[PDB]
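Letter by letter, the chains look like this.
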Amino acid sequence: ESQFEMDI
Amino acid sequence: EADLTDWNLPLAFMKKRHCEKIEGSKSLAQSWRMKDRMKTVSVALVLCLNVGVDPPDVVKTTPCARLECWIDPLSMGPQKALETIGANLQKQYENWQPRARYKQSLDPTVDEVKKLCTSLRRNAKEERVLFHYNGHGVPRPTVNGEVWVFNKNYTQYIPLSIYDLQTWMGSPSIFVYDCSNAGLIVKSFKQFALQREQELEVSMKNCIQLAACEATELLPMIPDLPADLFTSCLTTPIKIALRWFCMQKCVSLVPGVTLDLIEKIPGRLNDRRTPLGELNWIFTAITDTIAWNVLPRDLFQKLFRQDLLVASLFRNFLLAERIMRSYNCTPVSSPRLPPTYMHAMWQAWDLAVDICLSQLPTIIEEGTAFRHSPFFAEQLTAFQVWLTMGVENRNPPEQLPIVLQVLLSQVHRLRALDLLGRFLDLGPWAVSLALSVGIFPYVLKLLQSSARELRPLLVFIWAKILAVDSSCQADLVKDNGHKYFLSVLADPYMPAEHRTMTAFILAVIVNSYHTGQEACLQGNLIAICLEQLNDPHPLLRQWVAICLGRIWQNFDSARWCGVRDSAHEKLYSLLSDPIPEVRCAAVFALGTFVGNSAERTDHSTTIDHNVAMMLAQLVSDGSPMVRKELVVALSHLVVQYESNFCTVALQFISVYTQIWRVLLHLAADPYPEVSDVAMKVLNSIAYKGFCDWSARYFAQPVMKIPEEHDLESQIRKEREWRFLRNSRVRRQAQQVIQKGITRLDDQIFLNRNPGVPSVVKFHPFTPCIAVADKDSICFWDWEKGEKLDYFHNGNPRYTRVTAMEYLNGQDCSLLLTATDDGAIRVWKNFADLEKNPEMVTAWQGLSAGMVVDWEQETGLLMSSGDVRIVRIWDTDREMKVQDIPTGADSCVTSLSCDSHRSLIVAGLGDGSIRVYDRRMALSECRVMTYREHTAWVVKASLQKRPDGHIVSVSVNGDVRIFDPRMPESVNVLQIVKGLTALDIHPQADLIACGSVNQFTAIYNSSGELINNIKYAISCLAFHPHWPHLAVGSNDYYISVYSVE
Amino acid sequence: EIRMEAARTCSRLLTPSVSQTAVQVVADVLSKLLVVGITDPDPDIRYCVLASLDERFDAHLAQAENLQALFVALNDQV
């Protein structure tokens, strides 16, 4: 889904 | 003068300027809705090169390093070479998209390619497929794009053309051509596609292409660079970038840096804390920045947002252009981009690289800890500096794609969120930009973050987003979302401002999404609302009520629960709030409650009946918003009560009768919109909003500095000059008073009146002559005598104008015009009457004609006298009326009040003036009976002087001055004999009496009368400040008399 | 002579300016001064205009557009 490996 | 003349005196309809903003807003383009989701599925690796075979086209040299995938085993023999190179291309493409289906083909021929393309099409047909040609070790392509297959024998060649591949590759696809003259292949491909599309008329627009260099030029041979320079640039940007950097710098300013160190850099390229991951992080930010800042929107979305792999390849393509330029090669692509390698941003890249390499010695060498770069901090600083002036009529910031990705880490995230919030103060403009660039799905993911300290920012951000993107269909609610904001509002310790914003967010969620109207019930929002009614914050109470109403809408179970906890009664207790807005919210919520009763009746019809009564009393309220929302709520009630009005309407043509009385009173209100809507509701029954403003508030900018706090504002200067004008006019009047006054034997004004001058009034400044007829107010310029326009009052045939006044002695007052039928029509637009005759409003003063007296320094308005009582309206709060039952027996008088105390005078009745102090209990109303005028009293009034005598006129003409504390102590003059009225000017030794004939009579306080002034009489009016007498004669002219 | 002495005049007149309207006045005048500082064929007026850009205007010179004008100024005949 995300284009980037986000940190939640 | 202007220092005190600028009083803290608001206008009674000042709030109208805010209250009548019953409006919505606009939506957004919403380009973020990436409806195209076509992903890539599979990849084909066509390694046409034959190891150890030198085509006749080429003549190599000793430094022909033929590295491909950084691996040159011409020593190992052909088979190991092919195996290793295939494995390495597999591994490299996996780094950008692990999930694809990879097929290899090393030295194919024909049926291999056909079978591969057929299998690819069978696996998927809509999803794109990647394909690339190596294309080394084979002859140069022809004008037909022919490509030489070999049959395990270099002489046994087959030139496959483009058409066969186009036929085999029909689905959407990406092609990459690492040939010498690849631009020839692309050009011939587009020509062939044109021919195919023409035959289809007897696939284009579904094809992406990247080419190594132009048709008229060949790839270079460099001793140090890989032979597959284009492939490496598109595939492994960092290694080639650093290596080119070390080889290309003309003068090195960082000695010790060498390729041995470059081949030993510690990191992973997927850990932002490590050096290499940080360097990728900077690289990605810079390239996205350039791409966003040079292209238009649609191309940007197509290349950088639809697909991950396409975005990565173009991101690397820009670096490929930069590097290729220095060796006389222009890469070629499907839809062309503007030339980008002059952009200033590239300099930043170089600087960043240097800093890392500047410490690469002594980290590898000795193990010293790695230091982090200042790049993102500086970019945030630049963005802030742009914000500090933040004008929206210029370019937007260049750094916005950088802060977008600063949000994705966990180091600077708080500061980036703060700056994004400041950027989203701000207007729909900033919201549109920040929406188009992206951001929002990442914030939706942050909603699920465990960091509660992120709560106040996110709320505010969302408080703007839903304020502008009101049409958002609640993707947050799907991933909890609503529950998160429920828990947010559940906090009592959170500030009232953020609680109000969370209440608005919950209101929008319930309004705009049906499953939101279910989730509000799932989490028990009704109880939380009823708890939050106990807060002085006005908007929070309004949103509590609006949330309750919207919850009750379209659900009977919610309505039942509202009954269960006595929600409607607690809401009814909200109707004691002075603020009209909160009471409008309560009215709306109660109307929705009854409307969603669903006519279940049971016992709750009684409750519904009570709710009708709960609103009926509010007919006593004069507040315009409340009146309008009352007629709206009564529509929401009669939607159900029309089931039984079919019988009861004959009364109009218990509860239903009172509803008819309510709707008829609202119909009878002079206010135009309220009366019109009430008449529509009455007609609809008989034959058979503020929420928008409140939501509109949030989308407005916050932290606004008023115009009047800007010292050089034109408003301040204009106000000061107007107040100086008014003060100097009053000072001229005071000079006239102080220098001594003679008989008003001079003229200032004399002009025709179109009709009866029934009432005459003026300003306590430059006194624009206002005169009321039966059904209009006509104006004349006073200093010059020029006649002006008139306002037609719309009075009935049985209605005159009985009084006039103003709502300010210093500023742009609204003229009140009080008529026989209890109505008051109001407008300040007598100022520049020739230019702006648009009158403002009207309302009901009553429920001796009608007379109004405004208490300027208390905010009250005293009203008489068709009723026998005194009606005290308050206009600076809930617009209610106090009913004072005096002892008068009929229509009373023109009332007056000495502002030093709460002293009121009244009476045209059975031979007495009734004077009382309102501070006494208002159920006895003890009145000083002034019985010296036993005849029918006329015009009881007060002296505003310190002496404070009571003025009285008889019907028989007796004029008398009572001591206020002794009715027996009186002074008697009896001047109105053959004269029509009386008018004292307490600031001057002037008292006018008019005449029954064609002259005018004036007399001094000692009684000295003259009867020969000529410049019967309906009206007499001394100016409030000038000692000048206005005569509204019965010959339908008006004249002003002045001191000589 | 008008250009020289009146550029000096405006440079002195914006000593006291700083409310929002004053901020807009400062911004507009600085734009009108920077354009003269670059484009005017006479060299002396360019030199004097660039010399008059006192430190007190730094808050406006840190904007991007004015920085671009200044960075163009680095390469010149004089």
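What you see is numbering from 1 along each chain in written sequence order, possibly unlike the entry, with residues lacking coordinates removed. As they are written, the chains are lettered A onward and the ligands numbered 1 onward, keeping that order. Values throughout apply to the visible chains only, these chains being members of a larger assembly. Only heavy atoms go into the side-chain values, all of them from the structure, while hydrogens and water stay out.

- In terms of determination method and resolution, the entry is listed under cryo-EM at 4.0 Å.

**Things to note about the overall build of chain C**
- Secondary structure elements are taken from DSSP: a helix is a run of H or I of four residues or more, a strand is a run of E of two residues or more, and numbering for both begins at the N terminus. Check the secondary structure of chain C and you find five helices and zero strands.
- In chain C, the succession of α and β elements from N to C terminus is α-α-α-α-α.
- At 12 Å, chain C has a C-alpha radius of gyration in line with the 12 Å of a compact globule built from 78 residues.
- In this scheme, a residue with accessible area under 20% of its type's maximum is buried, one over 50% is exposed, and one in between is partly exposed, where area comes from a 1.4 Å probe on protein chains only. The burial tally for chain C puts 27% of its 78 residues in the buried class.
- The Shrake-Rupley method, run with a 1.4 Å probe sphere, supplies the accessible areas, and residue values consider only the shown protein chains as cover. Of the roughly 5,500 Å² that chain C leaves accessible, carbon and sulfur atoms contribute 59%.
- In this tally, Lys and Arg are treated as positive and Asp and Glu as negative; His is ignored, and so are the chain termini. By convention, the charge on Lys lies at NZ, on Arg at CZ, on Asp at CG and on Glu at CD. One finds the centroid of the 6 positive side-chain charges in chain C at a distance of 5 Å from the centroid of its 11 negative side-chain charges. We compute the radius of gyration over the C-alpha atoms and compare it with the globule rule, which gives 2.2 Å times the number of residues raised to the power 0.38.

**Remarks on the side chain of B:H568**
Residue and element names in this part refer to chain B.
- Relative to the assigned elements, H568 resides in helix 27 (residues 567-573).
- Counting of polar contacts relies on pairs of N or O atoms within 3.5 Å, with two restrictions inside protein: one atom must be capable of donating a hydrogen and the other of accepting it, and residues adjacent in sequence are counted only when both atoms are side-chain atoms. Looking at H568, its side chain comes within polar contact range of the side chain of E569, at 3.2 Å.
- Here, residues are in contact when the closest pair of their heavy atoms is within 4.5 Å. When residues no more than four places from it in sequence are discounted, the contact partners of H568 are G562, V563, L590, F593, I607 and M614.

**Considerations on the interface of chain B and chain C**
- Taken residue by residue, the interface counts seven residues in chain B and seven residues in chain C.
- A buried area of about 700 Å², summed over both sides, lies between chain B and chain C, and 49% of it is on carbon and sulfur atoms.
- The term salt bridge refers to a pairing of a side-chain nitrogen on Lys or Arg with a carboxyl oxygen on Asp or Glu at a separation within 4 Å. Across the chain B-chain C interface, the total number found is zero salt bridges.
- At the boundary of chain B with chain C, the tally comes to three residue pairs in polar contact.
- Considered class by class, the residues forming the side of chain B that touches chain C number three nonpolar, one polar and three charged. Throughout, the accessible surface (probe 1.4 Å) given up by two parts as they are put together, summed over both, is called the buried area. Any residue that is not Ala, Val, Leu, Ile, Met, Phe, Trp, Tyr, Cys, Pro, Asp, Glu, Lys or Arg is counted as polar, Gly included; the first ten are nonpolar and the last four charged.

**Points about the pattern of salt bridges**
Residues and elements named next belong to chain B.
- Evaluation of the coordinates by the stated rule reveals 48 salt bridges over all chains.
- Across the pair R731 and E1 runs a salt bridge, and its minimum N-O distance is 2.8 Å.
- Using a relative accessible area of 44% as the deciding quantity, one classes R731 as partly exposed.
- On the basis of relative accessible area, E1 is assigned to the partly exposed category, the value being 28%.
- Between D883 and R871 there is a salt bridge, with the nearest N and O atoms lying 3.1 Å from each other. Of this pair, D883 sits in strand 21 (residues 881-884) while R871 sits in strand 20 (residues 870-874), placing them 12 residues apart in sequence.

**Looking at the interface of chain A and chain B**
- The interface of chain A with chain B comprises eight residues on the first partner and 17 residues on the second.
- Note on chain A versus chain B: buried area summed over both sides is about 1,100 Å², and carbon and sulfur give 56% of it.
- Three residues stand out in chain A for area buried against chain B, namely A:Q3, A:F4 and A:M6, and they jointly supply 56% of the buried area on that side.
- There are two salt bridges connecting chain A and chain B.
- Note that B:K445 is salt-bridged to A:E1, the shortest N-O span being 3.6 Å.
- Seen at the junction of chain A and chain B, the total is two residue pairs in polar contact.

**Describing unusual backbone geometry**
Residues and elements named next belong to chain B.
- A cis amide bond links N134 with the next residue in sequence, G135, at an omega value of -15 degrees.
- Tracing the chain through its elements places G135 in the loop between strand 3 (128-133) and strand 4 (147-150).
- Residue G865 is reached from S864 by a cis peptide bond, and omega for that bond is -5 degrees.
- With respect to the element layout, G865 can be found in the loop between strand 19 (860-864) and strand 20.
- The phi torsion at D832 lies on the positive side, around 55 degrees, for a residue other than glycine.
- The residue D832 is located in the loop between strand 16 (823-827) and strand 17 (841-844) in this model.
- The exposure class of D832 is exposed, given its relative accessible area of 55%.
- Backbone geometry at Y1036 places phi at a positive 70 degrees, although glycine is not the residue there.
- Tracing the backbone shows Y1036 in the loop between strand 35 (1029-1033) and strand 36 (1037-1042).
- Looking at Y1036, the relative accessible area reads 36%, which means it is partly exposed.

**A closer look at the nonpolar core**
- The definition of a nonpolar core used throughout is a set of buried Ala, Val, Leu, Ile, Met, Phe, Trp, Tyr and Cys residues joined through side-chain atoms within 4.5 Å. If you look at the biggest cluster of nonpolar residues, it comprises 203 residues, and the most contacted ones within it are B:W462, B:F485 and B:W552.
- Judged by nonpolar contacts, the second largest core, of 30 residues, contains B:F131, B:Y133, B:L160 and B:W168.

**As for the sheet that holds strand 15 (residues 815-819) of chain B**
All names here are of chain B.
- Strand pairing requires that DSSP identify at least two bridges connecting the strands. An order of 14-15-16-17 is seen for the four strands of this open sheet, with the pairing classed as antiparallel. Edge positions in the open sheet fall to strand 14 (801-806) and strand 17, since each of these has one partner strand only. The sheet shows a mean angle of 20 degrees between the axes of neighbouring strands, direction not considered.
- Sheet topology note: the strand 14/strand 15 ladder contains five bridges and is antiparallel. Residue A803 lies in a different strand from strand 15, and its bridge partner there is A818. Simply put, an axis is a line fit to the C-alpha atoms, just over the touching stretch for a helix, and the angle between two N-to-C directions goes from 0 to 180 degrees.

**Some thoughts on the arrangement of the chains**
- The interface with the highest contact count, out of two pairs of chains in contact, is the one between chains A and B.
- Without any contact between them, chain A and chain C keep their closest C-alpha atoms 30 Å apart.

**Some thoughts on the sheet that holds strand 18 (residues 851-855) of chain B**
Residue and element names in this part refer to chain B.
- Spatially, four strands are ordered 18-19-20-21 in an open sheet, and the strand pairing comes out antiparallel. On the outer flanks of this sheet lie strand 18 and strand 21, each paired with one strand and no other. Across this sheet, the average inter-strand angle for adjacent strands is 20 degrees, counted without regard to direction.
- Bridge count between strand 19 and strand 20: four bridges; the pairing is antiparallel. When the bridges of strand 20 are listed, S863 appears paired with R871.

**With respect to the pairing of strand 18 of chain B**
All names here are of chain B.
- Of all five residues in strand 18, five are buried; the element is thus mostly enclosed.
- Taking every second residue as pointing to the same face, both faces of strand 18 are buried, with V851, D853 and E855 on one and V852 and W854 on the other.
- Relative to strand 19, strand 18 runs antiparallel, the two being bridged by five bridges. Residue pairing in the sheet places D853 in a bridge with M862 of strand 19.
- Adjacent in sequence and paired antiparallel, strand 18 and strand 19 are bridged by four residues, among which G859 carries a positive phi angle near 80 degrees.

**Quick look at the pairing of strand 34 (residues 1017-1022) of chain B**
All names here are of chain B.
- Along strand 34, five of the six residues are buried, which leaves the element largely enclosed by surrounding structure.
- For strand 34 and strand 35, the ladder comprises five bridges, and the chain directions are antiparallel. Across the sheet, residue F1022 finds its bridge partner in strand 35, namely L1029.
- Adjacent in sequence and paired antiparallel, strand 34 and strand 35 are bridged by six residues.

**Quick look at empty space enclosed by the protein**
All names here are of chain B.
- We place a 1 Å grid over just the protein atoms. Points where a 1.4 Å probe fits but has no way out form a cavity, open points with protein on both sides within 12 Å along at least 5 of 7 lines form a pocket, and any residue with an atom within 4 Å of a point lines it. Grid points are joined across faces, edges and corners, and a volume is the space filled by probe spheres set on the points. Of the voids in this model, the largest cavity is the one considered here, and its volume is about 380 Å³.
- Forming the walls of the largest cavity are 26 residues, and the residues nearest its centre are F131, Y133, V147, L160 and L165.
- Counting residues per element, the ones that place at least two in the lining of the largest cavity are strand 3, strand 4, helix 5 (162-168), strand 6 (173-177) and helix 6 (182-201).
- Tallied by class, residues from the lining of the largest cavity come to 20 nonpolar, four polar and two charged.
- By volume, the second largest cavity amounts to about 250 Å³.
- Along the walls of the second largest cavity sit 19 residues, with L435, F440, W462, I465 and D469 positioned nearest its centre.
- For the lining of the second largest cavity, the secondary structure elements donating two or more residues are helix 17 (428-437), helix 18 (440-447), helix 19 (455-468) and helix 20 (475-478).
- Looking at the lining of the second largest cavity residue by residue, the class counts come to 16 nonpolar, one polar and two charged.

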